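Visitor: Have a look at the structure that comes next, please.
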Amino acid sequence: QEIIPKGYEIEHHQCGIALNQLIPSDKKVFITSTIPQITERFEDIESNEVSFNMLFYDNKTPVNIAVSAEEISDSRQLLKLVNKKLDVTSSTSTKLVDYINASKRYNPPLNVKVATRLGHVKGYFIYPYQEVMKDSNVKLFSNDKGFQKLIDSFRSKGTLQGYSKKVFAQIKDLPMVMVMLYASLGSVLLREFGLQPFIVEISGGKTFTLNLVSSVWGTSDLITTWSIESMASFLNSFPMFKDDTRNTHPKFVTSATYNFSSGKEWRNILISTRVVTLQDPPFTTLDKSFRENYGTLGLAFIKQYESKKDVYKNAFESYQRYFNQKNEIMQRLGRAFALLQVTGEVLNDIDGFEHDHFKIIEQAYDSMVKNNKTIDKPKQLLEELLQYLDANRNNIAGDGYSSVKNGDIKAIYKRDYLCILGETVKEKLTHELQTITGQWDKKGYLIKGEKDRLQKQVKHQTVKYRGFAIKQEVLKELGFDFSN
Amino acid sequence: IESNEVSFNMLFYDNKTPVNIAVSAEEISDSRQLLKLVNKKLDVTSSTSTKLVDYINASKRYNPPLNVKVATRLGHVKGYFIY
Amino acid sequence: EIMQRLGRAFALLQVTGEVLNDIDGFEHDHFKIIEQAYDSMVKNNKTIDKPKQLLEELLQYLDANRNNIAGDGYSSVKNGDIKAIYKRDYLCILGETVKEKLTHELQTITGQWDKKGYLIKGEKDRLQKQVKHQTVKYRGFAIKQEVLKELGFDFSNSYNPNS
Amino acid sequence: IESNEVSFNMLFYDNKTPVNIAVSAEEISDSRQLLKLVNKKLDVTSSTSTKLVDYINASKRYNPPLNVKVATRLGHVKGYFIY
C-alpha cells in the first residue's frame, strides 16, 4: 500500500471512499471520491517532455487514463477529466491539484523512458518485438492505433530454418521478388550508409510478391493500401509496404512518393506493387508456407549485419564507388544498388539462405536498363517524335514523296537521314529543346551542321531547309523506315 | 462503451413541469458551463453557479445516479453486437 | 482479372445464400441464383474488361475514318494523317493513333491486348509490328482479323457495289 | 544582438539528472507561462506558480546570470561579422 500525504484524510463510509483535506482549528473539507494515484511518468526520448498515467477507482472499477503534465498540474485543465469519471469540480480542482502534487512527492511514480517510433531515434534502435524490448528498458508508446495494429503484426511466428526451406527455397533466384526482398531487408541500413530514402516497385504474383516479402519481418498486415508521411516517420528504419497501386487516383500516388522521398525524419525503403523497378513478372502452397512461418529471417539479417558491421560497410563503399561508374539516371541510383547488393551479400552469409546475390542483382539491373523507359528521356522523346512522323507522311517531303501541297512541312526524307525540320522539333520539345537536342548530339543521333550547329541544311527539290538530321541507323534501331 | 467517457441526465421542476435534459460532465462540474443551462430553464446565475455546482456534487454523492452503459451505433463495437 | 479481386465478396454472398437455404420456410436455389448473376456480370458489364472496351471504341472510331486508312483495297491516304494499314490478316493501327486514344495508359492496355492474344507481334519481341503496304513500311499494332470480327467490324474496302 | 531582446537558460535537477532548458523571459516572469514548463520536468503547479516566479526573481537578483550577446545568423549583422 502507498502512503497518504501529511494533511489529508481518507474516510470509508457507505457513500464510498472520501479524500478530505485536514485544516487545523481539525475541520474536514471534502476533495474527491476519486483518489488519483499517479503510477508512471513517461519521457519521450525524442521530445524529452513528460506525461503520466493516472489510476483511480470509479467504485470498484480501476480506471487508468493517460494524462499530460499540464492536465495534472493545472486546475482549469485537470477539470477537463470529469468526462473520464474523475470526481473534480471548479470548486475542488485546486485542492485536487495540490493533493496530486503531494502524492507525487511521497509516492514517486515509475520513470519509463518511451519511444514513439521504431528504428534509430537518438542513440537507441527500437525494435517492435517484445523479446528484444524487454531487454533494453525502453517502451514503445504509440497512441495512434493504426501503428499499434502494425506492431501486433510485427510479432514473429514459426521457426527460422522452416522459413529458409518452406518459404525461401521456393524463390532463391526469382530475380524480381528477390530484389523486393532485398529492399525489405536492407531498408534498415540506409542510416548506416548515409543514403537517403528510395523505392523498389513491381508493376505490369504482384500482391503475392508483396505479401511474401512481408514475411521477412512478420504478418501480411505490415502491408497497407494507398498518412504516408506519418507511417514513414514511424517505421523510420523499417521498410514500408504499400499495396493495390491500381485502386487509387494517380495524382495522389506520385505526389505521395515524392513526399516519401523527402525526409521527426526517416530513412528507409518504400516497396510497392528515385525508384528501382522490377517489371518482369515472377503459389497456393508457398502461401501456406509464409503464412505459417512469419517473420524470423528479418531479425536474423539484422544480427548478421551487427556481427561484422564495419566489414559490410567497406564492402558497400566499394559497391558504391563502382556502381557510380557504369546513362546518367542509373548512376544517380548508384548508392541504392550498392545497398541492395550489400543486402544480398549479407543474406548469403546466413545459414539456410545461401544463394547467388551477384547474379540476381545484375540480372535485375540489366532488366532495368533494358525494360525501363524513363532512364533515357532523350531517346524516348525522339521515338515519340518519329512515331508521330510515321503517321504524317502527307506532310513529309523528299525522295519518293509526293510534294506537300497544303500546310506545313515536318521533315525531309533523305536516304542517309531524316531531317526533321526545326519547327517540328520545337513543337515537340518546347523549353527542353536545347538540352534534348544536345543529348541527341552527345548520343550521336544527328548529322551536325557546318558551323557547330545541331541543325543541318538539307536540300529537296528547289528548297534548302534547316533541320535536325537523324541518321538512318537510329531510325532503324528504333523500328522505323521512312523509305519508299 | 466506445469512448469510456460519461454524460448525465438532469431532472428539475420548472413549477410543476419536469424537465429532463442531457448534460455533459463539464456542464455539471464547471460553474462557467453550468451557467449555460439557464437557456434550458435552469435557475442559475454567475453569482450562484459555484454553490449549485457544489450542491450537485453532494447530491450526487448521497443519491448516486443509475449507471447505464451506452452505444451510439449498431453492430460490433468493442465486444458487443448492438441490435 | 477484376472479378478475382471481388472473390471474397462473391464467396460471402454465396455463404449468405447457403445460410438462407437452411431457414425453415425459405428454401431456394442459391448456387444457381449466384452463378446466374456472376455470369450475367461478366457478360453484361463492360468495365470489367477495360482493354476490350477501349479496343472496341478505337475500332468504332476507325470505322468512321477510312478516308485515312490505307492498305489492301484502299485508296492511298491523300489528305492528312494515316491511322491504320489494312492487311487481310490484320488491321495495323499506327502507334500514334493508339497513343491519341490511350495517352498514359498505353503500355498497360497494349500489354493486356497482347496477354489477351489480340495482336501479331513484331520480329524483335516488340508489340508493334512493321507492316509493309505498297512500298512503304509503317509501325503499328496488328489486330488480328478474328478480333475485328468478334467485336463486330469488317475493315475490308473490297465489296462489289451492286449488293 | 539583432533584436536586443533576451532569453535565458534554466538549470534544475530532476533527481540527480541536470536539466538545462532554454526559456523566454515571459515563461520565467509570468506564472501562467511558467506553468507550461511542467511538460519539461519542472515541478510547478497553478497553486505554486506565483511563489516560484517570485523565487526566480529573487534568485536572479542575488545570483546574477552570465550575460552573453548572441547572434542567430552569420556574416554582417549590425556592427560585427559572425564566423
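Residue numbers start at 1 in each chain; chains themselves are named A, B, ... in the order of the C-alpha cells; ligands are numbered from 1 in the order shown.
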Counting only C-alpha atoms, what is within 8 Å of region 69-85 of chain C, bar same-chain residues fewer than 5 positions away, as a PyMOL selection string?

Guide: (chain A and resi 391-395) or (chain C and resi 62+91-94+96-97+131+133-134+138+140+156-158)

Visitor: Enumerate, as JSON, numbers by chain, the complete set of residues in chain B that a backbone-based DSSP assignment places in strand (DSSP E or B).

Guide: {"B": [7, 8, 9, 10, 11, 12, 13, 18, 19, 20, 21, 22, 23, 24, 75, 76, 81, 82]}

Visitor: May I have a table of the residues of chain A lying at most 6 Å from chain D, giving each one's closest pair of atoms and their distance in Å to one decimal, counting only C-alpha atoms, ordered by chain and ascending residue number, as CSV?

Guide:
residue,atom,partner,partner_atom,distance
A:49,CA,D:40,CA,4.7
A:50,CA,D:39,CA,5.3
A:69,CA,D:39,CA,5.3
A:73,CA,D:45,CA,4.8
A:74,CA,D:46,CA,5.2

Visitor: If you run DSSP on this backbone, which residues of chain B come out as alpha helix (DSSP H), and could you give them as an NGL selection string?

Guide: :B and (25-29 or 31-34 or 49-62)

Visitor: Selected residues, N, CA, C and O atoms, written as a PDB file, in the first residue's frame, please.

Guide:
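Generated output (again-v4.pdb):
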ATOM      1  N   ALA B  25     -20.437  16.106 -18.550  1.00  0.00           N
ATOM      2  CA  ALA B  25     -19.798  16.158 -17.242  1.00  0.00           C
ATOM      3  C   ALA B  25     -19.320  17.571 -16.926  1.00  0.00           C
ATOM      4  O   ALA B  25     -19.522  18.071 -15.812  1.00  0.00           O
ATOM      5  N   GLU B  26     -18.700  18.237 -17.902  1.00  0.00           N
ATOM      6  CA  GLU B  26     -18.200  19.589 -17.682  1.00  0.00           C
ATOM      7  C   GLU B  26     -19.334  20.537 -17.316  1.00  0.00           C
ATOM      8  O   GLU B  26     -19.218  21.325 -16.371  1.00  0.00           O
ATOM      9  N   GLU B  27     -20.444  20.474 -18.056  1.00  0.00           N
ATOM     10  CA  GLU B  27     -21.568  21.360 -17.779  1.00  0.00           C
ATOM     11  C   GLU B  27     -21.982  21.278 -16.317  1.00  0.00           C
ATOM     12  O   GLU B  27     -22.296  22.296 -15.690  1.00  0.00           O
ATOM     13  N   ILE B  28     -21.965  20.074 -15.749  1.00  0.00           N
ATOM     14  CA  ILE B  28     -22.426  19.899 -14.379  1.00  0.00           C
ATOM     15  C   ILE B  28     -21.334  20.214 -13.360  1.00  0.00           C
ATOM     16  O   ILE B  28     -21.643  20.596 -12.226  1.00  0.00           O
ATOM     17  N   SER B  29     -20.060  20.066 -13.723  1.00  0.00           N
ATOM     18  CA  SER B  29     -18.980  20.176 -12.750  1.00  0.00           C
ATOM     19  C   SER B  29     -18.146  21.445 -12.907  1.00  0.00           C
ATOM     20  O   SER B  29     -17.133  21.594 -12.216  1.00  0.00           O
ATOM     21  N   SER B  31     -18.668  25.674 -13.044  1.00  0.00           N
ATOM     22  CA  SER B  31     -19.643  26.745 -12.871  1.00  0.00           C
ATOM     23  C   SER B  31     -19.856  27.520 -14.164  1.00  0.00           C
ATOM     24  O   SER B  31     -20.997  27.844 -14.528  1.00  0.00           O
ATOM     25  N   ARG B  32     -18.765  27.821 -14.875  1.00  0.00           N
ATOM     26  CA  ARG B  32     -18.859  28.621 -16.087  1.00  0.00           C
ATOM     27  C   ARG B  32     -19.764  27.968 -17.121  1.00  0.00           C
ATOM     28  O   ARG B  32     -20.507  28.653 -17.832  1.00  0.00           O
ATOM     29  N   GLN B  33     -19.718  26.641 -17.214  1.00  0.00           N
ATOM     30  CA  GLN B  33     -20.541  25.914 -18.169  1.00  0.00           C
ATOM     31  C   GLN B  33     -21.923  25.603 -17.618  1.00  0.00           C
ATOM     32  O   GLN B  33     -22.915  25.707 -18.349  1.00  0.00           O
ATOM     33  N   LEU B  34     -22.007  25.208 -16.344  1.00  0.00           N
ATOM     34  CA  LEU B  34     -23.312  25.048 -15.714  1.00  0.00           C
ATOM     35  C   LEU B  34     -24.175  26.275 -15.964  1.00  0.00           C
ATOM     36  O   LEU B  34     -25.376  26.158 -16.233  1.00  0.00           O
ATOM     37  N   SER B  49     -23.611  30.039  -9.377  1.00  0.00           N
ATOM     38  CA  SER B  49     -23.138  28.877 -10.125  1.00  0.00           C
ATOM     39  C   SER B  49     -22.266  27.968  -9.263  1.00  0.00           C
ATOM     40  O   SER B  49     -22.384  26.739  -9.331  1.00  0.00           O
ATOM     41  N   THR B  50     -21.383  28.549  -8.447  1.00  0.00           N
ATOM     42  CA  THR B  50     -20.475  27.742  -7.636  1.00  0.00           C
ATOM     43  C   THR B  50     -21.231  26.948  -6.574  1.00  0.00           C
ATOM     44  O   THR B  50     -20.991  25.745  -6.392  1.00  0.00           O
ATOM     45  N   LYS B  51     -22.132  27.609  -5.844  1.00  0.00           N
ATOM     46  CA  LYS B  51     -22.903  26.903  -4.827  1.00  0.00           C
ATOM     47  C   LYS B  51     -23.754  25.801  -5.443  1.00  0.00           C
ATOM     48  O   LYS B  51     -23.937  24.746  -4.827  1.00  0.00           O
ATOM     49  N   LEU B  52     -24.264  26.009  -6.659  1.00  0.00           N
ATOM     50  CA  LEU B  52     -25.070  24.972  -7.297  1.00  0.00           C
ATOM     51  C   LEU B  52     -24.200  23.816  -7.775  1.00  0.00           C
ATOM     52  O   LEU B  52     -24.614  22.655  -7.702  1.00  0.00           O
ATOM     53  N   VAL B  53     -22.989  24.105  -8.257  1.00  0.00           N
ATOM     54  CA  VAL B  53     -22.060  23.031  -8.599  1.00  0.00           C
ATOM     55  C   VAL B  53     -21.767  22.185  -7.365  1.00  0.00           C
ATOM     56  O   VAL B  53     -21.770  20.948  -7.419  1.00  0.00           O
ATOM     57  N   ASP B  54     -21.510  22.843  -6.232  1.00  0.00           N
ATOM     58  CA  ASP B  54     -21.211  22.109  -5.006  1.00  0.00           C
ATOM     59  C   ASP B  54     -22.413  21.296  -4.539  1.00  0.00           C
ATOM     60  O   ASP B  54     -22.266  20.141  -4.110  1.00  0.00           O
ATOM     61  N   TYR B  55     -23.613  21.876  -4.618  1.00  0.00           N
ATOM     62  CA  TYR B  55     -24.802  21.119  -4.256  1.00  0.00           C
ATOM     63  C   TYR B  55     -24.962  19.899  -5.149  1.00  0.00           C
ATOM     64  O   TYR B  55     -25.316  18.818  -4.673  1.00  0.00           O
ATOM     65  N   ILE B  56     -24.752  20.066  -6.454  1.00  0.00           N
ATOM     66  CA  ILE B  56     -24.844  18.939  -7.373  1.00  0.00           C
ATOM     67  C   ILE B  56     -23.856  17.851  -6.974  1.00  0.00           C
ATOM     68  O   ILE B  56     -24.196  16.665  -6.947  1.00  0.00           O
ATOM     69  N   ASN B  57     -22.615  18.235  -6.675  1.00  0.00           N
ATOM     70  CA  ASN B  57     -21.615  17.246  -6.280  1.00  0.00           C
ATOM     71  C   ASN B  57     -22.078  16.465  -5.051  1.00  0.00           C
ATOM     72  O   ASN B  57     -22.005  15.228  -5.016  1.00  0.00           O
ATOM     73  N   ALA B  58     -22.590  17.171  -4.039  1.00  0.00           N
ATOM     74  CA  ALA B  58     -23.001  16.494  -2.809  1.00  0.00           C
ATOM     75  C   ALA B  58     -24.218  15.600  -3.043  1.00  0.00           C
ATOM     76  O   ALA B  58     -24.251  14.443  -2.599  1.00  0.00           O
ATOM     77  N   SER B  59     -25.237  16.130  -3.727  1.00  0.00           N
ATOM     78  CA  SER B  59     -26.409  15.337  -4.079  1.00  0.00           C
ATOM     79  C   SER B  59     -26.007  14.082  -4.838  1.00  0.00           C
ATOM     80  O   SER B  59     -26.569  13.003  -4.616  1.00  0.00           O
ATOM     81  N   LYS B  60     -25.032  14.204  -5.739  1.00  0.00           N
ATOM     82  CA  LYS B  60     -24.527  13.049  -6.468  1.00  0.00           C
ATOM     83  C   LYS B  60     -23.879  12.052  -5.520  1.00  0.00           C
ATOM     84  O   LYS B  60     -23.998  10.835  -5.711  1.00  0.00           O
ATOM     85  N   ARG B  61     -23.178  12.550  -4.499  1.00  0.00           N
ATOM     86  CA  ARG B  61     -22.560  11.648  -3.531  1.00  0.00           C
ATOM     87  C   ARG B  61     -23.609  10.844  -2.766  1.00  0.00           C
ATOM     88  O   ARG B  61     -23.496   9.619  -2.643  1.00  0.00           O
ATOM     89  N   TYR B  62     -24.635  11.514  -2.240  1.00  0.00           N
ATOM     90  CA  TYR B  62     -25.573  10.841  -1.340  1.00  0.00           C
ATOM     91  C   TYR B  62     -26.767  10.193  -2.047  1.00  0.00           C
ATOM     92  O   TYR B  62     -27.468   9.393  -1.418  1.00  0.00           O
TER      93      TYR B  62
END

Visitor: Can you list, as a PyMOL selection string, every protein, DNA or RNA residue that comes within 10 Å of residue 15 (chain C) when you count only C-alpha atoms, leaving out same-chain residues fewer than 5 positions away?

Guide: chain C and resi 9-10+20-21+30-31

Visitor: Per residue of chain A within 12 Å of chain C, record the nearest atom pair and its distance in Å to one decimal, counting only C-alpha atoms, with rows in chain order and ascending residue number, as a Markdown table.

Guide:
| residue | atom | partner | partner_atom | distance |
| --- | --- | --- | --- | --- |
| A:203 | CA | C:108 | CA | 9.5 |
| A:204 | CA | C:108 | CA | 6.8 |
| A:207 | CA | C:5 | CA | 10.9 |
| A:244 | CA | C:5 | CA | 10.5 |
| A:246 | CA | C:2 | CA | 10.8 |
| A:247 | CA | C:5 | CA | 10.7 |
| A:250 | CA | C:104 | CA | 10.6 |
| A:279 | CA | C:108 | CA | 11.4 |
| A:371 | CA | C:126 | CA | 11.4 |
| A:372 | CA | C:107 | CA | 11.7 |
| A:373 | CA | C:107 | CA | 10.8 |
| A:383 | CA | C:95 | CA | 10.7 |
| A:384 | CA | C:96 | CA | 8.3 |
| A:385 | CA | C:96 | CA | 9.5 |
| A:386 | CA | C:96 | CA | 9.5 |
| A:387 | CA | C:96 | CA | 5.9 |
| A:388 | CA | C:96 | CA | 5.6 |
| A:389 | CA | C:96 | CA | 8.7 |
| A:390 | CA | C:138 | CA | 6.6 |
| A:391 | CA | C:82 | CA | 4.8 |
| A:392 | CA | C:81 | CA | 4.8 |
| A:393 | CA | C:81 | CA | 7.1 |
| A:394 | CA | C:80 | CA | 6.1 |
| A:395 | CA | C:80 | CA | 7.7 |
| A:396 | CA | C:81 | CA | 10.9 |
| A:400 | CA | C:136 | CA | 10.2 |
| A:401 | CA | C:136 | CA | 10.6 |
| A:402 | CA | C:78 | CA | 9.5 |
| A:403 | CA | C:78 | CA | 11.2 |
| A:404 | CA | C:79 | CA | 9.8 |
| A:405 | CA | C:79 | CA | 9.5 |
| A:406 | CA | C:79 | CA | 8.8 |
| A:407 | CA | C:80 | CA | 10.0 |
| A:408 | CA | C:80 | CA | 11.1 |
| A:475 | CA | C:139 | CA | 11.7 |
| A:476 | CA | C:130 | CA | 11.1 |
| A:477 | CA | C:124 | CA | 10.8 |
| A:478 | CA | C:139 | CA | 10.2 |
| A:479 | CA | C:139 | CA | 7.2 |
| A:480 | CA | C:139 | CA | 6.7 |
| A:481 | CA | C:137 | CA | 5.8 |
| A:482 | CA | C:137 | CA | 6.9 |
| A:483 | CA | C:136 | CA | 6.4 |
| A:484 | CA | C:136 | CA | 5.3 |

Visitor: Can I get the selection written as a compact mmCIF listing (two decimals), in the first residue's frame, with C-alpha atoms?

Guide:
# COMPACT_ATOMS: atom_id res chain seq x y z
CA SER A 203 4.33 -3.49 -61.92
CA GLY A 204 2.92 -4.90 -65.14
CA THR A 207 0.17 -8.55 -54.46
CA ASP A 244 -3.02 -2.10 -54.56
CA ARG A 246 -4.21 0.17 -59.02
CA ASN A 247 -7.21 1.07 -56.87
CA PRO A 250 -2.72 8.72 -59.95
CA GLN A 279 8.68 -5.06 -64.40
CA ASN A 371 12.92 -2.51 -69.96
CA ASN A 372 12.59 0.79 -68.06
CA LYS A 373 11.77 3.69 -70.38
CA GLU A 383 10.93 7.81 -80.58
CA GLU A 384 7.69 9.62 -79.78
CA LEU A 385 8.52 12.21 -82.44
CA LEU A 386 9.32 9.58 -85.07
CA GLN A 387 6.13 7.65 -84.31
CA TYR A 388 4.25 10.91 -84.90
CA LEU A 389 6.01 11.49 -88.21
CA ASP A 390 5.30 7.87 -89.16
CA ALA A 391 1.60 8.80 -89.42
CA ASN A 392 2.05 12.20 -91.12
CA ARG A 393 3.73 11.33 -94.40
CA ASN A 394 1.45 13.69 -96.36
CA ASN A 395 3.45 16.44 -94.62
CA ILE A 396 6.89 14.94 -95.31
CA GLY A 400 9.88 9.27 -103.31
CA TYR A 401 7.36 11.55 -101.59
CA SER A 402 4.53 13.48 -103.18
CA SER A 403 5.13 17.20 -102.76
CA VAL A 404 3.41 18.62 -99.68
CA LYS A 405 0.69 20.74 -101.26
CA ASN A 406 -1.20 22.15 -98.26
CA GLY A 407 0.13 23.36 -94.95
CA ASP A 408 3.41 22.67 -93.23
CA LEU A 475 15.61 5.37 -87.33
CA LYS A 476 16.14 1.66 -87.98
CA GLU A 477 17.26 0.90 -84.42
CA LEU A 478 14.04 2.49 -83.15
CA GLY A 479 11.98 0.48 -85.64
CA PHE A 480 11.19 2.98 -88.39
CA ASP A 481 11.72 3.00 -92.14
CA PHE A 482 10.60 6.16 -93.94
CA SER A 483 11.90 4.58 -97.15
CA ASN A 484 9.85 4.35 -100.35

Visitor: Quote the spacing between CA of residue 2 (chain A) and CA of residue 134 (chain A) in Å to one decimal place.

Guide: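 Going from CA of residue 2 (chain A) over to CA of residue 134 (chain A) covers 26.5 Å.
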
Visitor: Find the spatial neighbours of region 9-12 of chain B, counting only C-alpha atoms, within a cut-off of 9 Å - ignore same-chain residues fewer than 5 positions away - and output them as a short mmCIF file (atom, residue, chain, number, x, y, z; two decimals) with C-alpha atoms, in the first residue's frame.

Guide:
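After the write, around34.cif holds the following:
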data_model
loop_
_atom_site.label_atom_id
_atom_site.label_comp_id
_atom_site.auth_asym_id
_atom_site.auth_seq_id
_atom_site.Cartn_x
_atom_site.Cartn_y
_atom_site.Cartn_z
CA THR B 17 -43.41 20.53 -15.18
CA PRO B 18 -40.50 18.06 -15.10
CA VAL B 19 -37.54 18.94 -17.31
CA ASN B 20 -35.03 16.22 -18.22
CA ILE B 21 -32.01 17.50 -20.13
CA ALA B 22 -28.91 15.63 -21.27
CA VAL B 23 -25.79 17.35 -19.92
CA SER B 24 -22.07 16.73 -20.21
CA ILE B 28 -22.43 19.90 -14.38
CA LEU B 42 -32.36 26.20 -15.03
#
